[PDB]
Amino acid sequence: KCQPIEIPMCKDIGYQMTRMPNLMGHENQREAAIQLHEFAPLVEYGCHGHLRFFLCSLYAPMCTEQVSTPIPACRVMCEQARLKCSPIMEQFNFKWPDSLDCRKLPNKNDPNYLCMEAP
Amino acid sequence: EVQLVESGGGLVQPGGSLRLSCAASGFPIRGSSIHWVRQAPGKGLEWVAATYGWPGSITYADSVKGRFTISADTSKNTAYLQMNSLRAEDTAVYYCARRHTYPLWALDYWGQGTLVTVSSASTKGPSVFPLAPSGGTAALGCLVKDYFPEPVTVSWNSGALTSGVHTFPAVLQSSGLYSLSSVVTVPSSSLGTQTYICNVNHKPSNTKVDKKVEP
Amino acid sequence: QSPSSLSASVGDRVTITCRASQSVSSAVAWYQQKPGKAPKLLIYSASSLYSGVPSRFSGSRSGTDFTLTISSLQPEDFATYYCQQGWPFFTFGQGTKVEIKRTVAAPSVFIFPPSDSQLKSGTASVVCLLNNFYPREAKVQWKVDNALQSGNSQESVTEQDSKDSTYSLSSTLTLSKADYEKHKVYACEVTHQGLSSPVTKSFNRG
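Residues numbered from 1 in each chain as written, not as in the entry; some residues may be left out. Chains lettered and ligands numbered in written order. Heavy atoms only, no water.

The deposited coordinates, according to the entry record, derive from X-ray crystallography at 2.6500 Å resolution.

What follows is the structure, encoded as C-alpha cells:
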C-alpha cells in the first residue's frame with residue numbers, strides 16, 4: 001500500500017503518493033522530513049532547478065501500488081544536481097553524502113530499474 | 001497562531017554581557033529556523049545570527065562573530081542569544097523571527113523586539129520642566145531632560161488630550177544622556193480655563209512625573 | 001546604513017532596486033516596516049506575493065538586481081522597504097523610506113524660555129518649536145546676543161504626520177545657568193522653503 005505525501009518540501013512535486021521505508025532508510029515520513037531538512041539550504045539556493053524533485057524521489061519515492069518498487073529520479077537528473085550544486089557546497093565543503101552518490105540511481109532506459117524525469 | 005516574544009533587553013556597560021530570550025508559541029523551536037535581526041535607532045535592519053533548525057549550521061554575521069552565541073531549550077520552547085563583550089555599536093532593538101522554509105524562505109513572523117542599550121551611562125531619572133504658553137493658537141509642552149536609558153512615554157491630561165500633540169524622538173547628547181520634548185497646540189481662549197498636565201513615565205528608573213503647564 | 005529617502009505621490013509607480021551579485025539565489029524577501037513596528041513580509045522568492053498583500057505589489061529579479069514595484073502608490077504604502085538575501089548571506093540591503101509629496105507649508109515657530117524650576121537646578125534650556133511644515137528640510141539657528149551658536153543644541157524631527165503629511169521639529173539650546181545669565185537676547189532663526197525670509201523668534205532674559 002501507499003500513503004499520501006506528508007513531507008512539506010515534497011508537496012506539489014508531481015506525484016501523489018509514497019511508500020515507506022524510503023531509499024534513505026527512514027521508516028516513516030516524519031523522520032524522513034527531518035533528515036531531508038539538511039538539504040533545505042540547497043533547495044533554496046536553486047543551484048539546480050530539479051534538486052527538490054530528485055531529493056523527493058528518494059526521501060518520498062513515488063507509489064501507485066501497481067509498480068512493486070520505489071521509483072527514483074533518473075541518473076540523468078542526479079549528476080546535473082551534483083555538478084551544478086558542487087561549487088557552493090565546495091565553499092561550505094560538506095559534500096554530497098554517499099547516501100546520495102549518483103551512480104546508484106538507474107540510468108534512463110536501464111535494463112533492470114525504472115526512473116522518473118521532472119515536469 | 002505563531003508568536004514570538006523577546007525578553008532580556010536592558011542596559012549594559014561596554015564589555016558586559018546580556019542574554020536575550022525568544023519565547024515561541026504555535027510552533028516547536030527544535031527543528032526550526034530562528035533569525036536574530038537588530039535595528040540601531042534611525043538605522044536599517046541588520047541580520048545578526050541564525051539557526052537552520054538542527055544544532056549545526058548556526059551562522060553569525062561578521063559584526064558579531066566570536067561574541068554572540070545562539071542556544072535553545074526545547075522544554076521552555078525558547079531560543080537564546082548570548083551577547084558578550086558588547087560595544088556601544090551593538091545598541092539596537094533586537095528582533096527574533098521564524099524563517100518559514102519551503103516554499104517561503106522568508107521571515108514571516110517577528111517579535112515586537114526588545115531594546116538593548118550598551119553604554120557607560122547609568123540609569124537616571126528625568127527632570128520634567130514646563131514649556132509655558134505665551135496664531136489664535138497657543139503652544140505648550142514639557143522638556144524631559146537628562147534621563148537614561150530609553151524609553152519614556154508622555155501623555156497629556158491622563159490621555160484625554162491627544163489632538164495636536166507632538167512628542168518628539170529623543171536625542172542622545174554628548175553626555176550620553178537622553179532628552180526629549182512633548183508639545184501640544186491648544187486654543188488660546190482656553191488657557192485660563194483649561195488645565196494642561198503632561199504625564200511622564202520612565203520605566204527603567206521607576207520615575208513617574210505629572211507636571212502642570214501654566215502661563 | 002541609514003535608510004534612503006524617496007518622495008512620491010499617491011498613484012505614482014515606484015520600483016525599488018536591491019543590488020546584489022549573480023552568485024546569490026532568488027530566495028529574496030521584501031519587507032515593509034513602519035515607525036515603531038516590526039517588519040512585515042511582502043514578497044518571498046523574489047516574485048511571490050505573500051498572503052494578504054495587495055496586488056499592486058510585485059517582485060522580479062533581473063541579473064544581479066532584485067526589484068520591488070508598487071504599481072499605484074497608496075497612502076498605506078508610505079513606509080520603509082528592505083530586501084533580504086537568502087542562504088547563506090541572509091543580509092538586508094539599505095532600506096528605502098517612501099515619504100509622501102505635499103504642497104509647501106511654512107512652519108509656525110515658537111520659543112520657550114527656561115522654566116524657573118530648571119534654573120534653580122543650575123542649567124538653562126531654550127526650546128524652539130517648528131510646527132507642521134513641509135518639506136522636511138529646515139534650518140534652526142540659535143543666536144545668543146547675535147552670536148551664532150554651534151555645539152550646544154540638539155534637534156529632533158517627528159515622522160510625517162498621517163493626516164496632513166507635515167513635519168515638526170524641536171530644537172533645544174542648553175547652557176549653564178552662569179552662562180545663561182551673561183546674555184540678554186535668545187533667538188532661533190528658522191530658514192525654510194515656505195518662508196519668504198528667515199523667521200526669528202526671540203525673547204529677552206527677564
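Moving on from the coordinates now.
(A) Molecular detail of the environment of A:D101. All names here are of chain A. Here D101 shows up in the segment after α4 (75-92). Separated by 57 residues in sequence, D101 and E44 have C-alpha atoms that sit 21 Å apart. Discounting residues that sit within four places of it in the chain, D101 has contacts with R82 and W96. (Helix = DSSP H or I, 4+ residues; strand = E, 2+ residues; numbered from the N terminus. Contact = heavy atoms within 4.5 Å.)

(B) Up close: the domain arrangement of chain B. Looking at the assigned domains, one finds that chain B contains domain 1 (3-118) and domain 2 (127-213). For domain 1 of chain B and domain 2 of chain B, the distance between their C-alpha centroids amounts to 34 Å. (Domains from an automatic or database assignment.)

(C) Up close: helix α1 (residues 29-36) of chain A. All names here are of chain A. Buried within α1 are the following residues: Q29, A32 and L36. The buried residues of α1 occupy an angular sector of 55 degrees when the element is viewed end-on, so they sit on one face. Among the structural elements, β1 (3-4), β2 (17-18), α2 (40-45) and α3 (51-59) are those in contact with the buried residues of α1. One side-chain oxygen of the residue at the start of α1 lies 3.1 Å from the amide nitrogen of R30, identifying that residue as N28. (Buried < 20%, exposed > 50% of the residue type's maximum accessible area, 1.4 Å probe, protein only. Arc of directions from axis to C-beta. Polar contact = N/O pair within 3.5 Å; in protein donor to acceptor, adjacent residues only side chain to side chain.)

(D) Examining the sheet that holds strand β3 (residues 18-25) of chain B more closely. Residues and elements named next belong to chain B. Read across the sheet, 4 strands follow the order β1-β3-β8-β7 without closing on themselves; strand pairing throughout is antiparallel. Pairing within the sheet leaves two strands with one partner each, and these edge strands are β1 (3-7) and β7 (68-73). The sheet shows a mean angle of 20 degrees between the axes of neighbouring strands, direction not considered. Where β3 and strand β8 (residues 78-83) come together, 6 bridges link them in antiparallel fashion. Pairing of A23 across the sheet is with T78, part of β8. (Pairing = 2+ DSSP bridges. Axes fitted to C-alpha atoms, helices over the stretch in contact; angles between N-to-C directions.)

(E) The arrangement of the layout of surface pockets in detail. Its volume calculated, the second largest pocket comes out at about 1100 Å³. Elements with a contribution of two residues or more to the lining of the second largest pocket: α1 of chain A together with β4 (34-39), β7 and β9 (92-100) of chain B. Take the lining of the second largest pocket: its biggest share by element is 5 residues, from α1(A). Class assignment of the residues belonging to the lining of the second largest pocket gives a composition of 19 nonpolar, 11 polar and 6 charged. (1 Å grid on protein atoms, 1.4 Å probe; cavity = no way out; pocket = protein on both sides within 12 Å on 5 of 7 lines; lining within 4 Å. Points joined across faces, edges and corners; volume = space filled by probe spheres on them. Nonpolar A, V, L, I, M, F, W, Y, C, P; charged D, E, K, R; others polar.)

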